[PDB]
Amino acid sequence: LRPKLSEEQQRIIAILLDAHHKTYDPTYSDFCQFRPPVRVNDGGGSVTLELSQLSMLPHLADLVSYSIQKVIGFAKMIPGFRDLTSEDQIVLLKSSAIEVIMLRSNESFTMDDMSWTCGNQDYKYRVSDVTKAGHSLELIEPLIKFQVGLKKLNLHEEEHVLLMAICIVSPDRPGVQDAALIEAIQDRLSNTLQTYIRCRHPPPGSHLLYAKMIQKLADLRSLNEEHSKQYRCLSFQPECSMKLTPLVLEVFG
């Protein structure tokens, strides 16, 4: 059966697409406002050198901080999100932050050279740039694999924004109070996504796509955990706080 999208589901998709268009700048025009990227010589991927310099951290931290602000903006536009208490809203935002950033960054990710390309050489981010910010291959390699896998799903923008919404409105996040309400909102979103795939996504992929998308959400949980561990290590580096931002410190601290 291929039921048609209800008027409510059509509205949801329209709202989410609009929300994304208002919070994701495909030209990355604000990136020049961040502290400048600095790339020190580290062909050997020396952890000691990377930690002593953290050359790319100010720039990446500003980019992630900027991204978190956009995600907060996007989340506020998710139908039903504002029906949640402020406490639950913040809990969901802090816990899904890095995951949603990983998902949204897929738009700049390119398989041409496996990088996040946001402009000229200066704003092209490779595995080496992320290691220069203090992260290790234990996170980066799996992240790249995740980006490629997501790219290969060839998601429609409608599916992309629904996936980000579903990621944010997860009832299984530690600290949530009204799990039932959150689950109701997520179910409304998941049903919209399943209905959309069944009647708008052409084969080969009309089906099976939903399961693959849900598996990406599970993958994100593992990446989230690894990122938290790496952030912990990074925070132990003296003077690291100045290289971050108040928003980043609160969300991951």
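Counting begins at 1, following the sequence as shown.
- When the other PDB entries of this protein are compared, is residue 39 left blank in at least a third of them? Negative; every one of those entries includes residue 39.
- Message: Is it the case that at least a third of the other compared entries omit residue 52, given both of its neighbours are modelled there?
- Response: No, residue 52 has coordinates in all the other entries compared.
- Item | Comparing 187-195 with 57-65, the one whose average Cα B-factor in the PDB entry is higher | Per the PDB entry, the higher value belongs to 187-195.
- Message: Per the record, averaged over C-alpha atoms, which has the higher B-factor: 79-87 or 159-167?
- Response: The recorded data point to 79-87.
- Task: From the list 128, 108, 96, 147, select the residue with the highest C-alpha B factor recorded in the entry.
- Result: Going by the entry's C-alpha B-factors, 128 comes out highest.
- Report the option among 70, 35, 216, 200 whose CA atom has the maximum B-factor in the deposited record. So the option with the highest C-alpha B-factor is 200.
- Query: C-alpha B factor of residue 104, ranked within the chain: lowest, middle or highest third?
  - Reply: According to the entry, residue 104 has a C-alpha B-factor in the chain's lowest third.
- residue 39: which third of its chain by C-alpha temperature factor? Tercile = highest for this residue's CA B-factor.
- Sort the modelled residues of this chain by their C-alpha B factor and say whether residue 22 lands in the lowest, middle or highest third. Answer is lowest: the recorded C-alpha B-factor places it there.
- Query: Going by the entry, which third of its chain does the Cα temperature factor of residue 143 land in?
  - Reply: Bottom third by C-alpha B-factor.
- Task: Could you say whether, by C-alpha temperature factor, residue 251 belongs to the lowest, middle or highest third of its chain?
- Result: For residue 251, the deposited C-alpha B-factor lands in the middle third.
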